[PDB]
Every structure is written in C-alpha cells, then in structure tokens.
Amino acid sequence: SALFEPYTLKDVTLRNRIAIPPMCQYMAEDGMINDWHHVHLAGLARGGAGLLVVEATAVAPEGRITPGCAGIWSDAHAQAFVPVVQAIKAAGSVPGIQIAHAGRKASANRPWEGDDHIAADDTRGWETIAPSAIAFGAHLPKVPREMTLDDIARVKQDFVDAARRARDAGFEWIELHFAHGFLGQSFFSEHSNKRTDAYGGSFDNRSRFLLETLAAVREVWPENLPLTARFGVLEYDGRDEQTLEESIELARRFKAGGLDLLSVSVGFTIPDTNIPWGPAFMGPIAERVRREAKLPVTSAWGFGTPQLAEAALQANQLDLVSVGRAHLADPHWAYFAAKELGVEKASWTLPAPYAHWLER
C-alpha cells in the first residue's frame, strides 16, 4: 500500500504517509499547554500516524486565535512541550509543530462558545494586528490595527524565536502557518493588504513578509529537519486562475528559499467565497502545485476514507495525506486504514500492548 510506505525528507523518516495535520484544541491557558494536550497528542502518536503536527501555536500573545490557543512566545511556554515531544517520539511518530499568528482573525471565541470576535468589554479580548486596517467581516467584524514597520520586524523576530524554541524543545518538523486568512495569508492577499510601502502593492511586496519570515526562520531551524509551510493557494472568490498562478510563483520562491514541503490549502481570507467542499476536493490543486513548483506537498479535507488517501498517493497528487477529523473520531485511524487496505500484520500499526490482541 502506498499509504504505508515510509517517507524521508532531509534527515527525518516517517514510518508511513499518514500525517495528522495541526488541529487547535482550545484547551491552553495563557498559551500554556497542559495534560489535555499531552494525552491527546501522545494518544494520536500511538495510533500509528507517521507525522503528528501540533496545532497552531502562537508566536505572540495577540497572535492566538482564541483565549484557549497554545503559545510558544516564552521559554516557559516551550518547556511545556518537552514531555509531549518526548512522548510522541517514544511512540515512533515524528513530532512537528505549526507556528502561527492569527492576524485579523485573532481575539475570537472558541468555536463552541460563539466562534466570533470577542466583545469589546470582555476581559479576555485584545487588539488585533494586520497589514491593513480592514475587517474580515461577518462574525469577525473587528477592525485590526495597521502594522508599523517595527511591528513587522517584531513579528518576524517572534517567528524566529518560536522556531528556535521549537527546535530546542525537540521538534523534528516545523510548519509556518501562512494559510487560512491569518497574518501571513493576509499579507499575500490583495483583499486584505492595501499597503503602499515595501510590504504591499506588487506581487514582490505582498510576498515579502512571507519570504522574509521564511528566511529568518531558516537561520535558526536546522538544515537537516524539514522546514515546511501551510499556504492557501486560492480563495474560490472568482479570481482563482490569477490567484493560483501567483501562489504557484510564491511556492517556487519558497522552494528556492529552502522550503522542503508545502501544505496546500485554501485562503479563507474573506467570507464572500464559494468553496466546493467535497471528499479530497483539494487533490487536483495540490497536484498542480506539486507539478508546477516541483515541491512535495500534502493537503487535507475528506481524506479519512482509506481508499481515497491511497488513490491520492498513487496518482502522485500528494506525498503525505493529512487526516484530521477522522483522528478526533478514532485516535487509531491509522490502524483502521491498515485493516481497510489489507496491509499485512495491520494490528502492528499499533504498539504491542494493543497489537498482540488485535491480530486477526
């Protein structure tokens, strides 16, 4: 089975092609993770996936999505990850982390607590920052503060510090969160970036924050560990071919700047879009990016059907298949997939105290 073939990138070898993508848990306190995250992540690692990427982890307090978001903006925050990293490694999975800044979509309620921008008089909320003072709209009506050049310098340095901390905590894989309408994506998109300085107003200028952040992170992140990013390559906003062309050009510049793999997503930059949700709907666009930028890719959305994951790999649409919600439903999805694809000794996807008893 293609799904169960190992994958090597730089000095890291994944035991199969199943990746667990970053999935916010909304369970941290002042950015500090706790036993929610420890058990959640260690349990997923034991389920058999080759790569486990920790949820969007804020590089700065105002870059959290919500008051429950994880952070890595101090050394104390980083040290909270150390036992979790060690547990993921003990289980034979590769520990990764997505480092992030929510930009204009920050200061929001948890998804089951309204999912909307926090009220002005709520003691939990904060001022958001972005390339331009323009609200997302809809359920995120807060107008962000326009960043100064010093703010740009500071946020870049926060990404550097976050990457340094991730490295020293023992992560073996890093993902820069340049997708989903958050800070990086919003610098790239003309919808959200109306700047007329060096950071807006041409393709090179809109790309600049992302490319400078990548290059700065590359200085502290080991060359032998995968350096990756998540990026929304289209919006489904009626400007798809032009946007895809620009995104693919940026992907080529990421590759040239040392990016090892791209997690291909949708922008979610603005609310007025028409995204054609469906099982594996991103497959063809991930394949196009892979081919035209000549870069390994992953993608997600509806790949939790084992045969569909297998088909995407065999078609060379993807190098790794990211499976999110199916792992919330069943932490041992990789074992389910091994059985469903007829892999020999499928139960040994799991550790011995489980595998021995499940051999059928």
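Don't overthink the numbering: it's just position in the shown sequence, from 1.
A.B. asks: Take the C-alpha B-factors listed in the entry for 11-19 and for 341-349, compute each mean, and give the stretch with the larger one.
C.D. replies: Between 341-349 and 11-19, it is 341-349 that shows the higher mean C-alpha B-factor.
A.B. asks: So which stretch wins on mean C-alpha B-factor, 120-128 or 244-252?
C.D. replies: Mean B over CA atoms: larger for 120-128.
A.B. asks: Can you pull the Cα B-factors for 57, 66, 298, 314 from the entry and say which is highest?
C.D. replies: Among 57, 66, 298, 314, the PDB entry lists the largest C-alpha B-factor for 314.
A.B. asks: I'd like to know which of 287, 168, 260, 272 has the highest C-alpha temperature factor in the PDB entry.
C.D. replies: It is 272.
A.B. asks: Could you place residue 109 in the lowest, middle or highest third of its chain by Cα temperature factor, using the values in the record?
C.D. replies: It belongs to the middle third of the chain when residues are ordered by C-alpha B-factor.
A.B. asks: If you rank the chain by CA B-factor, which third does residue 204 end up in: lowest, middle or highest?
C.D. replies: Its C-alpha B-factor belongs to the highest third of this chain's values.
A.B. asks: By the record's CA B-factor, is residue 43 among the lowest, middle or highest third of residues in the chain?
C.D. replies: For residue 43, whose C-alpha B-factor we compare with every modelled residue in the chain, the answer is the lowest third.
A.B. asks: When the modelled residues of the chain are sorted by Cα temperature factor, does residue 229 land in the lowest, middle or highest third?
C.D. replies: Tercile = lowest for this residue's CA B-factor.
A.B. asks: Using only modelled residues of the chain, where does the Cα B factor of residue 302 rank: lowest third, middle third or highest third?
C.D. replies: For residue 302, whose C-alpha B-factor we compare with every modelled residue in the chain, the answer is the highest third.
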